[PDB]
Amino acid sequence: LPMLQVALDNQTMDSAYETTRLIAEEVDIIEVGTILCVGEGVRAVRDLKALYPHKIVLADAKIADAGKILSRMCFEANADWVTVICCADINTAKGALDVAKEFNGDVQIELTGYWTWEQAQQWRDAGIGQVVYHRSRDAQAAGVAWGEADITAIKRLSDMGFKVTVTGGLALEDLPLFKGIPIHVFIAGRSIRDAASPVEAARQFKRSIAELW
């Protein structure tokens, strides 16, 4: 089944803990959001992995250059997975992946904003096995909906051999759009953290995934 990831896009650790104390056991992956990496730094990764060592911890660092250096910082803080932004030089992705392998971790390419199909082939050739198909929050706020072009791109990525994560303002009602595609992970940030009942929100995502897959 597709896994469920919660995004902790919080500015401070104590704010993040308001969510994790409710739903850490209701999800498969705990993400240190980019917002939390910028708010608190990499201690957020170390602290969350110490609290939840049985969960996959994703550092959404969106590494853009100095791949081996930033990745080592994240993996020394006990991250399992780290993100590399799609426009990074290929050598950045390669360097981050080399370090990830030292720590028995992994790298995901974050498809946030503009990228090309040629770049996608380069990632595959480099040994990258995960991508995050992300509808930008700012694009969403400007009225951009999930649509057919996204579904065709996701399927194309999956067919290239990537394990694809889908994310970007997902609501429970969006999940059927992706039915029949072997999605690796769905991420929910706002729709879990900001729900009247975060526990019910997480359980509803899991129930719907179980029904659809």
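Position 1 is the first residue in the sequence shown; the rest follow in order. By rigid core we mean the largest C-alpha set that fits within 1.5 Å across both forms.
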110-118 versus 128-136: which one's CA atoms end up farther from this form in 5 other deposited structures of this protein after a core fit?
110-118
Using only the Cα atoms and their B-factors as the entry lists them, report which of 139-147 and 101-109 averages higher.
139-147
Do the CA atoms of 41-49 or those of 171-179 have the higher mean B-factor in the entry?
171-179
Name the one of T83, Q122, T92, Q130 with the greatest CA B-factor according to the PDB entry.
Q122
Is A196 in the lowest, middle or highest third of its chain when residues are ranked by C-alpha B-factor?
highest
Could you look up the Cα B-factor of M160 in the entry and say which third of the chain it sits in: lowest, middle or highest?
highest
Of the three thirds of Cα B-factor ranks in this chain, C74 occupies the lowest
C-alpha B factor of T12, ranked within the chain: lowest, middle or highest third?
middle
Lowest, middle or highest third: where is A210 by C-alpha B factor in its chain?
highest
